Every structure is written in C-alpha cells, then in structure tokens.
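One chain follows as structure tokens, the form solved without the ligand.
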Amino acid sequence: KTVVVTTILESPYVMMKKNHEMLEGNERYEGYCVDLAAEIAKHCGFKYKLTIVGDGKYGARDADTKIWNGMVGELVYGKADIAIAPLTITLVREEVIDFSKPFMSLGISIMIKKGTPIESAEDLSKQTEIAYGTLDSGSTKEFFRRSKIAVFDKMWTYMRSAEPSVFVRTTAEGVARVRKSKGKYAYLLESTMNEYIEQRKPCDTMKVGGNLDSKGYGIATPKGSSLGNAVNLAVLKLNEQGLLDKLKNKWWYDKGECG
C-alpha cells in the first residue's frame, strides 16, 4: 500500500514546480526533499504520496493541551507514515517519534550583508551598532532563550530588550531586512538556509563565522514503525554513495545564482 509522506513547502526542500498545474501527484513538486523521498522509496521498495502538513508546522507540543502539532503530530497521532523534511532531530521529538541518522548537518549561523564588520557571534555580542535578531517563533529563538552559555545568554538579553524589535515574522523578512539595512542588521538562522540565500540574487548576503551549535535533520517515522529500520539504512547508504552530497550540490550550487 501507498506510504503517506508528510512534508512542508520550503525552498529548496519542497517547492511546487512552476508548471505544476499541468502535472499530477508527486510530480507537481520538486526540491531536495522531493529527490530524497524518491531515493528512499526506491531503496526501501515502497510507493508513496507526498502530502503537505495541514497546519504548516514542524512539530512542537503545546504546553497547555499537550498536543503535538506539525509533521511530528501527524506521525504521533497516526495520520502519516513518514516525514521527509528539514526536521531537526531534537530530544523532545526523539522521545515521541523515531528518527533516522541525520541526512544533513546544520547549525545556527550569522547572515550579514557583504561588507559588514562581523566575524563571529562573540563579535555581535560585544556591540549594538549592528542590530541582530531571529525569527519571532521557532527553534532559533528558543535556542537563545534557553541557552546557559554566557555569549548566547548575553545575545538573548540584548535581543529581548533591543529597539526597534530585532525579530522578524518570516525568513523572507529577515533576508530583506539584512539586504536593506546597509550593514546594520544581521540575521541568525539555520546554516543551510544561510547557504541557500548566499546563492540567491543579488548576491549581497553571506554566511560569516562558525556556527553557534550543531544538529541534524532526520527522516521521521512513528515510534516502533517497521519502516524505520529500512529508512535509516537507506539514509546511511545514500550518504556513503555520495548521493546526499550530490543532492545538496544540485539544489544549492548547481541551481545557485552567485557562482
């Protein structure tokens, strides 16, 4: 029977093709995770349907209702069979779903406008002339809120009290703010997205410094699902064969615009 894949629309992982109206089913979509899903399914021998998570969320547990939202919730409550998406392997998710070993590494990173005199998170933390912030929701904000590391705690105290607000509602708003702020705004985001935007016209942003943390995206299945073992072996095989590196190069650099 057909495996129900839950995923989320986010470039370059999953995108509707420009001509999607002329296409059907899974062929309407393209991107890194679309290609990854096809490779996993081929190695594991299943057919599948790509579905887009209803609530547009990755997966968190509401503190009041204790209900899991997002792709994680679709797995937890038995509505999907597998999630193939930029879904970070975290402790609280690992407690409730199964994850493959990571298919992609990432960490929180600094996006600057080219020419900005910042080389590290330490550099940002010691000044205020260049404002800096994060998405107003989600894991990067939460990283700073929860960190007990001195530099990141300092950054959080700065971010919470800075005026005008250094937070943005969307990735696009953060990128636009970097681009329009003449070097006076830096945006903190996942290194994978930072690298992607560095390859978008007009080629005026860059990733600077080392990453602030390290984590991985994993393929998720309901806890105890028989599919989990085969999927994990497939991730390891695709990595060893160089296919994961090929797919990253395809969607970030071969299709990049900045050389």
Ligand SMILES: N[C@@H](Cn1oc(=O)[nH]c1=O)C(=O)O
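The numbering used is simple: start at 1 and walk along the sequence shown. Only the largest set of C-alpha atoms that superpose within 1.5 Å between the two forms is called the rigid core.
In what follows, reference is made to the form deposited with the ligand bound, a form of this protein that is not presented.
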Decide open versus blocked for this chain after superposing the C-alphas round the site and placing the ligand the way it sits in the entry with it bound; the blocked call needs 3+ ligand atoms within 2.4 Å of backbone or C-beta. open
Proximity to the ligand in the entry with it bound, single hit among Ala80, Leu189, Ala186, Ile97 (heavy atom within 4.5 Å): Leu189
For the spot marked by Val5, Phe46 and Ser225, is every residue within 4.5 Å of the ligand in the entry with it bound through some heavy atom? no
Can you tell me if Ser147 lies within 4.5 angstroms of the ligand in the entry with it bound, counting non-hydrogen atoms only? no
Can you tell me if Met193 lies within 4.5 angstroms of the ligand in the entry with it bound, counting non-hydrogen atoms only? yes
Is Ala121 a contact residue for the ligand in the entry with it bound, using a 4.5 Å heavy atom cut-off? no
Since only the chain is shown here, I'm wondering whether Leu135 would be in contact with the ligand in the entry with it bound (any heavy atom pair within 4.5 Å). yes
Fitting the rigid core first, would the Cα of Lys180 be found 2 Å or more away between this form and the one not shown? yes
Tell me whether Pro202 is among the residues that move between this form and the one not shown (Cα shift of 2 angstroms or more, core superposed). yes
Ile89 C-alpha relocation of at least 2 Å between this form and the one not shown, rigid core basis: no
